[PDB]
Amino acid sequence: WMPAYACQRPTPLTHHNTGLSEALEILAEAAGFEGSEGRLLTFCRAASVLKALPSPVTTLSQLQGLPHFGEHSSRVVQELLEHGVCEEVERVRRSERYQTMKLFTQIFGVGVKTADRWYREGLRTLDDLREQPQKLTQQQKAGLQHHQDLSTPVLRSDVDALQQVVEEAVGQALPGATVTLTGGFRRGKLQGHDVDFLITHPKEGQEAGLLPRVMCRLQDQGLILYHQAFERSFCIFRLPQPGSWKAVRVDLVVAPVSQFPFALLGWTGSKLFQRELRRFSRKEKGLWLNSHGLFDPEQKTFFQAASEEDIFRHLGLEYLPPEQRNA
DNA sequence: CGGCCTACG
DNA sequence: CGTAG
DNA sequence: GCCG
Ligand SMILES: [Mg+2]
Ligand code: NA
Ligand code: NA
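If you use full-length UniProt numbering, the first sequence corresponds to residues 137 to 364, 384 to 397, 410 to 494, in order.
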């Protein structure tokens, strides 16, 4: 009844099993901190299955037959239903390792492998990292410098202000170029931790060289605190606020218009949705999907898509609008 | 047994 | 390695 | 951890 791939089922933003999914996602995150991407994926997938259910799970029997629920994920739900807590989840939550790995990997520029090395070296707090700055990349220095602001929710009012200044810079750099809001905000989220924009031009080839021109124009307006030929720019903007400013993470992506449906699909997410869609494409349909195109490795050809709907159709999938891709 | 998404900076 | 969805 |  419940399809096994997340791209085969609608997942709305608001759902009925948040307590259960959040517990499984703690175990997924902890699996990642220990270097087990496979266990992370299973727990992510199991959490996502619960997000797609039409009603609250109140009895363990409601799990029978569900994909990605085996002995371990079922026991977690069982304990939560019977007792309101899962001992394993609580042990993880309270552990110094989990808390510190979460603290460090939430820094922009720091992933699991870097966080784990620092943990093994005895580091535990952000001030510990600040006390040893030669051990930081430029990206990490920027992540730590702006960490307070980057932990503040980005609101819709911020998104609208950012879209205006990005549209102004893009228009100065290339008349006729367009700016599309992607990421979680396109899926209907009201808050986020960053803002994602996709930039193109209707005439194929005119977007060559656009992103450096856009960045130069934003920097000369004093809008850029941090950035790295290129097509993805991971920025920190100086966003004006009444009497002051705050740092905000902004991603700017350029795509030629021939690739725009693929980039729009990829950058709209969710992350799990897109991993599942790429897995489905290759494993079930024998086609290779990324944010540039959909490749048939037998014919050695690329699928010409005019819309996201075209891509779903070519993959034999029922179309899902962005607000149902919240896997 | 062995895969688990697939890119760019 | 980091980043992204 | 789950499954093809
Ligand atoms: Mg985002
Ligand atoms: Na990080
Ligand atoms: Na982003």
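Positions of the beta carbon are idealized from the N, C-alpha and C atoms, including for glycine.
- In this structure, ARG260 sits near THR236, with a CB-CB distance shorter than 8 Å.
- Per DSSP, reduced to three states, the secondary structure at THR236 is helical.
- Burial is judged here by how many other beta carbons sit within 10 angstroms of a residue's own beta carbon; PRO348 has fewer than 16 and is exposed.
- When DSSP states are grouped into helix, strand and coil, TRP455 belongs to the strand group.
- Put simply, of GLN364, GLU170, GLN268, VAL415 the residue whose alpha carbon is nearest the alpha carbon of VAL248 is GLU170.
- Within the stretch 333 to 363, the complete beta strand (DSSP E) runs of at least 3 residues fall at 360 to 362.
- The alpha-carbon separation between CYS390 and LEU149 amounts to approximately 27 Å.
- Secondary structure of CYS390 (DSSP, three-state): strand.
- At a Cβ-Cβ threshold of 8 Å, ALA142 and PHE440 count as neighbours.
- Assignment of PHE462 by DSSP, reduced to helix, strand and coil, places it in the strand class.
- Contact between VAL420 and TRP434 is confirmed by a C-beta separation of about 6 Å, below the 8 Å threshold.
- The DSSP-derived three-state label of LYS413 is strand.
- Linking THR195 to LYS452 through their CA atoms gives a straight-line distance of about 36 Å.
- Using a C-beta cut-off of 8 Å, the stretch 274 to 289 makes contact with the stretch 311 to 331, since at least three inter-stretch Cβ pairs fall below that distance.
- Here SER474 is near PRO428, since their CB atoms are less than 8 Å apart.
- Note on geometry: alpha-carbon atoms of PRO395 and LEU456 lie some 38 Å from one another.
- DSSP places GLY328 in the strand class (E or B) of the three-state scheme.
- Within the stretch 205 to 287, the alpha helix (DSSP H) runs of at least 4 residues that lie entirely inside it are, in chain order, 207 to 219, 223 to 230, 232 to 241, 248 to 256, 262 to 266, 274 to 281, 283 to 286.
- Under the DSSP definition of a beta bridge, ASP418 partners with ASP332, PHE389.
- Here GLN396 is bridged, per DSSP, to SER411.
- Counting C-beta pairs closer than 8 Å gives fewer than three between the stretch 331 to 343 and the stretch 356 to 364, which falls short of the contact rule.
- Residue pairing by DSSP places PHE447 opposite no residue, since no beta bridge is assigned to it.
- Annotation for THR154: the continuous alpha helix (DSSP H) segment containing it runs 154 to 169.
- Look at the beta carbons and you see the stretch 158 to 167 touching the stretch 177 to 197: at least three pairs across the two are nearer than 8 Å.
- Separation of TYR362 and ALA278 (C-alpha to C-alpha, rounded to the nearest whole angstrom) is 7 Å.
- For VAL193 and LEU202, the gap between their C-alpha atoms comes out near 12 Å.
- Going by DSSP, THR435 is part of the alpha helix (DSSP H) stretching over 427 to 435.
- For ligand 2, a non-hydrogen atom lies closer than 7 Å to the CB of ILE243.
- Per DSSP, reduced to three states, the secondary structure at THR150 is coil, with no helix or strand assignment.
- Distance from the C-beta of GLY328 to the nearest heavy atom of ligand 1 is below 7 Å.
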